[PDB]
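Participant: Quick one: this structure, given as structure tokens, is what I'll be asking you about.
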Amino acid sequence: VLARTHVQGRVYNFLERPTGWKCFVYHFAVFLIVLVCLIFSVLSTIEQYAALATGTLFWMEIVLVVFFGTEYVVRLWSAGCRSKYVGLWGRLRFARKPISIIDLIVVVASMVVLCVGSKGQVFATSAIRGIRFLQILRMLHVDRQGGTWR
């Protein structure tokens, strides 16, 4: 200390404060990830049949589910930088607009989808048609700071 917390509260300032820096680095990462995740989605929806027989890259969908599941909770931690019980609920409760209600429904679906097992080809359809399907919305939820699409 005193980093240790003045470094996590620093993460929770940077990801939350719209600036030239948030815009520059964060939105390069969202486009890079969406292209990776969608090329991987075309592969993954065939790897799901390879998972009946053989070895497969399908494990990396659980890795990116842990990224996106963590990335949802990381916003709840930037509710207020130290607020990690308080606004951890309080901003989730605030998340009332249409995409935010869908994002809440899809994050609990995404955990249930891991939790049923990597089969049920519904884990597969939800990885696709839930956890890619949310990401196309973020193009319009685009946090690149113009008052976007309105």
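Identifiers in this document derive from the order of the structure tokens: chains are assigned A, B, ..., residues are numbered from 1 separately in each chain, and ligands are numbered from 1 in order of occurrence.
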So which bits of stretch 15-113 of chain A end up alpha helix (DSSP H) when you DSSP the backbone, as number ranges by chain?

Facilitator: A: 20-50, 59-77, 86-93, 98-113

Participant: With a distance cut-off of 9 Å and only C-alpha atoms, select the neighbouring residues of stretch 137-140 of chain A, excluding the residue or stretch itself and same-chain residues fewer than 6 positions from it, and output the selection as a PyMOL selection string.

Facilitator: chain A and resi 30-31+99+148-149

Participant: Which polymer residues have any atom within 10 Å of an atom of stretch 50-56 of chain A, counting only C-alpha atoms, with same-chain residues fewer than 5 positions away left out, as a list in words?

Facilitator: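 Contacts, with the query itself left out: residues 44, 45, 118 and 119 of chain A.
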
Participant: Of the candidates A:37, A:136, A:108, A:74, which shows the shortest atom-to-atom distance to residue A:15, using only C-alpha atoms?

Facilitator: A:74

Participant: Near residue A:146, counting only C-alpha atoms, which residues have an atom at most 12 Å away, once you skip same-chain residues fewer than 5 positions from it, shown as a VMD selection string?

Facilitator: chain A and resid 18 to 20 23 140 to 141

Participant: As a list in words, please: the residues near residue A:43 (cut-off 12 Å, only C-alpha atoms, same-chain neighbours under 4 positions excluded).

Facilitator: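 After dropping sequence-adjacent residues, the list is residues 36, 37, 38, 39, 47, 48, 49, 50, 56, 57, 58, 60, 61, 124 and 128 of chain A.
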
Participant: Measuring atom to atom with only C-alpha atoms, identify which of A:122, A:142, A:81, A:105 is nearest to residue A:10.

Facilitator: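 With only C-alpha atoms as the atom set, the closest residue is A:81.
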
Participant: So which residues touch residue A:100 within 12 Å, counting only C-alpha atoms, skipping near sequence neighbours fewer than 6 positions away, as an mmCIF file with N, CA, C and O atoms, in the first residue's frame?

Facilitator:
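This is the output file result.cif:
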data_model
loop_
_atom_site.group_PDB
_atom_site.id
_atom_site.type_symbol
_atom_site.label_atom_id
_atom_site.label_comp_id
_atom_site.auth_asym_id
_atom_site.auth_seq_id
_atom_site.Cartn_x
_atom_site.Cartn_y
_atom_site.Cartn_z
ATOM 1 N N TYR A 72 -19.064 -7.758 -16.734
ATOM 2 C CA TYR A 72 -20.324 -7.275 -16.170
ATOM 3 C C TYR A 72 -20.169 -6.866 -14.695
ATOM 4 O O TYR A 72 -20.614 -5.786 -14.299
ATOM 5 N N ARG A 75 -18.039 -3.562 -14.051
ATOM 6 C CA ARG A 75 -18.915 -2.380 -14.055
ATOM 7 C C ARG A 75 -19.620 -2.187 -12.716
ATOM 8 O O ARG A 75 -19.673 -1.070 -12.213
ATOM 9 N N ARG A 91 -25.982 0.024 -8.448
ATOM 10 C CA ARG A 91 -25.945 0.298 -9.894
ATOM 11 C C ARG A 91 -26.598 -0.783 -10.741
ATOM 12 O O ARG A 91 -26.993 -0.502 -11.874
ATOM 13 N N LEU A 92 -26.723 -1.989 -10.208
ATOM 14 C CA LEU A 92 -27.394 -3.097 -10.878
ATOM 15 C C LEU A 92 -28.899 -2.825 -10.849
ATOM 16 O O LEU A 92 -29.587 -2.833 -11.868
ATOM 17 N N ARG A 93 -29.364 -2.410 -9.668
ATOM 18 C CA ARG A 93 -30.685 -1.833 -9.464
ATOM 19 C C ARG A 93 -30.938 -0.624 -10.376
ATOM 20 O O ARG A 93 -32.038 -0.498 -10.891
ATOM 21 N N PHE A 94 -29.938 0.235 -10.598
ATOM 22 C CA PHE A 94 -30.024 1.359 -11.545
ATOM 23 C C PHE A 94 -30.050 0.946 -13.028
ATOM 24 O O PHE A 94 -30.416 1.752 -13.881
ATOM 25 N N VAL A 106 -29.190 -11.914 -19.595
ATOM 26 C CA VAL A 106 -28.171 -12.693 -20.302
ATOM 27 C C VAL A 106 -26.969 -13.019 -19.419
ATOM 28 O O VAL A 106 -26.399 -14.090 -19.605
ATOM 29 N N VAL A 107 -26.595 -12.210 -18.415
ATOM 30 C CA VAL A 107 -25.486 -12.595 -17.516
ATOM 31 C C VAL A 107 -25.884 -13.774 -16.620
ATOM 32 O O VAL A 107 -25.085 -14.687 -16.434
ATOM 33 N N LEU A 134 -25.665 -10.602 -27.397
ATOM 34 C CA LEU A 134 -25.531 -9.404 -26.597
ATOM 35 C C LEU A 134 -24.505 -8.430 -27.175
ATOM 36 O O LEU A 134 -24.654 -7.227 -27.041
ATOM 37 N N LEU A 137 -25.350 -5.801 -29.770
ATOM 38 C CA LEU A 137 -26.131 -4.707 -29.203
ATOM 39 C C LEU A 137 -25.212 -3.546 -28.797
ATOM 40 O O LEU A 137 -25.608 -2.382 -28.781
ATOM 41 N N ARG A 138 -23.959 -3.863 -28.443
ATOM 42 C CA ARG A 138 -22.948 -2.966 -27.858
ATOM 43 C C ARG A 138 -22.351 -2.031 -28.898
ATOM 44 O O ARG A 138 -22.006 -0.908 -28.572
ATOM 45 N N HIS A 141 -25.208 0.408 -28.168
ATOM 46 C CA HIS A 141 -24.728 0.835 -26.853
ATOM 47 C C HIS A 141 -23.287 1.396 -26.862
ATOM 48 O O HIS A 141 -22.655 1.459 -25.806
#

Participant: Would you please work out which residue, of A:144, A:150, A:62, A:135, is nearest to residue A:24 when using only C-alpha atoms?

Facilitator: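 Using only C-alpha atoms, residue A:24 sits closest to A:144.
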
Participant: Rank A:123, A:77, A:89, A:133 by their smallest atom-to-atom distance to residue A:103, using only C-alpha atoms, and report the top residue only.

Facilitator: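 Counting only C-alpha atoms, the residue closest to residue A:103 is A:133.
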
Participant: Can you pull out the residues contacting residue A:82? Cut-off 7 Å, using only C-alpha atoms, and skip same-chain residues under 2 positions away; I want them as a tab-separated table (two decimals) with C-alpha atoms, in the first residue's frame.

Facilitator:
chain	number	residue	atom	x	y	z
A	9	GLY	CA	-10.16	2.24	-7.53
A	80	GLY	CA	-18.42	3.73	-6.81
A	84	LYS	CA	-18.15	-3.24	-3.88

Participant: Could you check how far atom CA of residue A:111 sits from atom CA of residue A:4, in Å to one decimal?

Facilitator: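 Interatomic distance here is 29.0 Å.
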